[PDB]
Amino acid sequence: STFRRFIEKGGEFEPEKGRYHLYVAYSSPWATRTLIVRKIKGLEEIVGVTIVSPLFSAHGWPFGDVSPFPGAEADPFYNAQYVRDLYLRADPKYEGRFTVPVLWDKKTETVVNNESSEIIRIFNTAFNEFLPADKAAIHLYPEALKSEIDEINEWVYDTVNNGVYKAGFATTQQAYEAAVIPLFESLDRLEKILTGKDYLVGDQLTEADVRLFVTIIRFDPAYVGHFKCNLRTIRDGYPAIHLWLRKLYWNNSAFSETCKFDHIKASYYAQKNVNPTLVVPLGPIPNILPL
């Protein structure tokens, strides 16, 4: 992701309320990281959000007027029709991918940052002056845990967050197996790390939990079937992960209110090179088991 700017006093993007805006899809785990952290930090009235349609098209992510879907929205600001229109508005010569999330500056009309790992760090502190004391104190990447967080993020990112895509979009048996086996070795390892624990790092919520969560919450509903990540399921094969996952989802509204299983399943099962019939399976039931 090639827009890697920050929101800093004296910088290109001064910290301000009502200036920065998030464009996301609910289906995207990467974009959902930023929705979760926006709710954790109480930024709803400080950073706006627009939900694009989960029905990825030949021109990328459409807005809700181009591709209607419950909860999908039109672009409020530029009559943008696809997320690529924002990128091209920011820079008509842009040649990257037109991905979500997009953290957008309404003032200069450009992309501040389109790397979810950096957007959620911006949110830890950039806006604290505008927050009540209890929200401003939250920091999901604190100094004392950074190195431990980075270490677990590195292999989670490689073998789990991206591992499910490597397996699901593999077009050869060999490439599928090379992705799916390390994926489940890493789940085995996460199962041990989370045994008897509520959080991955430091016995508190950190961005490591957010980054793992957005993949694990999509695992039984979409990755098992559609991406063939089916050696076992979270709910039946990984009790410590299952418990950690259900505590986050059911006990923290930041994780459930930003989790739209209908968007999730609609985006994945409309990937016609994997699932040409475009049928959306009705299971699993439920999307996530109760505590």
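For every residue, the number given is its place in the sequence shown, counted from 1.
A.B. asks: With respect to the recorded C-alpha B factors, which stretch has the higher mean value, 159-167 or 88-96?
C.D. replies: Result: 88-96.
A.B. asks: So which stretch wins on mean C-alpha B-factor, 20-28 or 273-281?
C.D. replies: Result of the comparison: 273-281.
A.B. asks: From the list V214, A137, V180, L194, select the residue with the highest C-alpha B factor recorded in the entry.
C.D. replies: Top of the list by C-alpha B-factor: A137.
A.B. asks: Could you say whether, by C-alpha temperature factor, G225 belongs to the lowest, middle or highest third of its chain?
C.D. replies: For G225, whose C-alpha B-factor we compare with every modelled residue in the chain, the answer is the lowest third.
A.B. asks: Among the modelled residues of its chain, does the C-alpha B-factor of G48 lie in the lowest, middle or highest third?
C.D. replies: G48: CA B-factor falls in the highest third of its chain.
A.B. asks: According to the PDB entry, is the CA B factor of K107 in the bottom, middle or top third of its chain, that is, lowest, middle or highest?
C.D. replies: Middle third by C-alpha B-factor.
A.B. asks: When the deposited Cα B-factors of this chain's modelled residues are ordered and cut into thirds, is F77 in the lowest, the middle or the highest one?
C.D. replies: Its C-alpha B-factor belongs to the middle third of this chain's values.
A.B. asks: Sorting the chain's modelled residues by C-alpha B-factor, tell me whether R121 ends up in the lowest, middle or highest third.
C.D. replies: It belongs to the middle third of the chain when residues are ordered by C-alpha B-factor.
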